[PDB]
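Accompanying notes for the structure given below.
Positions of Cβ are generated from backbone atoms using ideal geometry, with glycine treated the same way; all protein chains shown enter the neighbour counts. All of the numbers you see were taken from the coordinates with simple rules; none came from a lab.
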There are 2 protein chains.
Amino acid sequence: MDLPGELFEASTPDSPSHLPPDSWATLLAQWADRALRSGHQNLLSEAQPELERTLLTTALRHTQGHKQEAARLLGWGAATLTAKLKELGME
Amino acid sequence: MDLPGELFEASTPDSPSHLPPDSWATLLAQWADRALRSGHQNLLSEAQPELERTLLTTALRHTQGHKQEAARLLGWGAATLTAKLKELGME
C-alpha cells in the first residue's frame with residue numbers, strides 16, 4: 001500500500017517543461033553532413049527560416065502584436081519584415 | 001619533490017580542444033533580449049551571417065576549394081553563392 005495514488009494521466013497542470021542546452025549548431029554541423037552523405041537538398045533553406053523565426057518572434061515579443069515595431073527592432077522596415085516572411089516560404 | 005616537472009608553457013602539441021554543447025539559440029534568445037533592453041541594432045544582421053557561414057563552410061568541406069560545388073549542395077547557384085557572400089557584408 002502507498003500514501004500517494006498511482007496517478008497515471010496527462011493533465012494540463014502538474015506538467016513542468018525542461019529547457020536543456022540545445023546544441024543547434026552541433027545539430028546543424030552533423031545534420032548537414034549526414035544529409036550530404038545521403039540526399040541533401042534544402043540544407044540552408046531549413047535553418048534559414050529557423051534563425052529568422054526565432055529572432056523575429058523574440059523582438060516581436062518586445063512589441064507583441066505590433067509586427068511593425070519589430071521592423072526598427074531588427075534594423076528592418078515594413079517591406080523587408082513582410083517580404084522576408086514569404087522569402088523563406090518561397091525560397 | 002615530484003616525478004613530473006612543473007611544465008608551465010603553452011606549446012602547439014599537448015593542447016586538446018573541448019567541444020561542449022553550444023546553446024546558440026539559448027544565447028540568441030537571451031542576447032536579443034539583453035540588447036533590446038539596452039541598445040539593439042544589428043540583431044538579425046549578426047546571427048544571419050553566422051548561420052550562412054557555418055553551413056557554407058560545412059557543405060564546402062564536402063568540396064573543399066570547390067566553392068562552386070557548394071552551390072548545388074545548398075540548392076543554390078553561382079550568383080547566389082557569390083551574391084549571398086556580400087549580402088551579409090553589405091546588409
Let me check against my output: what whole-number percent is the relative contact order of chain B, with C-alpha pairs under 8 Å and at least 6 apart? 16
Given q = 0.15 Å⁻¹, what are the Debye log10 I(q)/I(0) values for chain A, with equal point scatterers placed on the Cα positions and solvent ignored? -0.81
What's the tally of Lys pairs in the protein assembly as shown whose alpha-carbon atoms lie under 18 angstrom apart, where the two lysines are 8 or more places apart or on different chains? 7
10 Å Cβ neighbours from other chains, averaged over peptide B:42-52: 5
Please identify the helices of chain B, taking whole runs of DSSP H, that span at least 20 Å along their own axis as judged from the Cα atoms and have a mean Kyte-Doolittle score of 1.0 or higher. none
Quick check on the protein assembly as shown: helices-only [θ] at 222 nm, where DSSP H runs of length 4 and up contribute -39,500 (n - 2.57) each and the sum goes over total residues. Nearest 500, please. -17500 deg cm²/dmol
Can you list, shortest first in nanometers, how far B:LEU27 lies from the same residue in the other copies, with each label 7 Å from Cα toward Cβ? 1.7
Take the Cα of A:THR26, step 7 Å along the line toward its Cβ, and report every residue of the range B:1-42 whose backbone nitrogen sits under 12 Å from that point. B:18-24
If we count every other residue with Cβ under 14 angstrom of A:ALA59's Cβ, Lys/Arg +1 and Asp/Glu -1, where does the sum land? +3
Suppose you put the label 7 Å out from Cα in the Cβ direction; list, shortest first and in nm with one decimal, how far A:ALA83 is from each other copy's label. 1.1
Residue exposure sequence - B:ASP14, B:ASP33 - by fewest surrounding Cβ within 10 Å: B:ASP14, B:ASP33
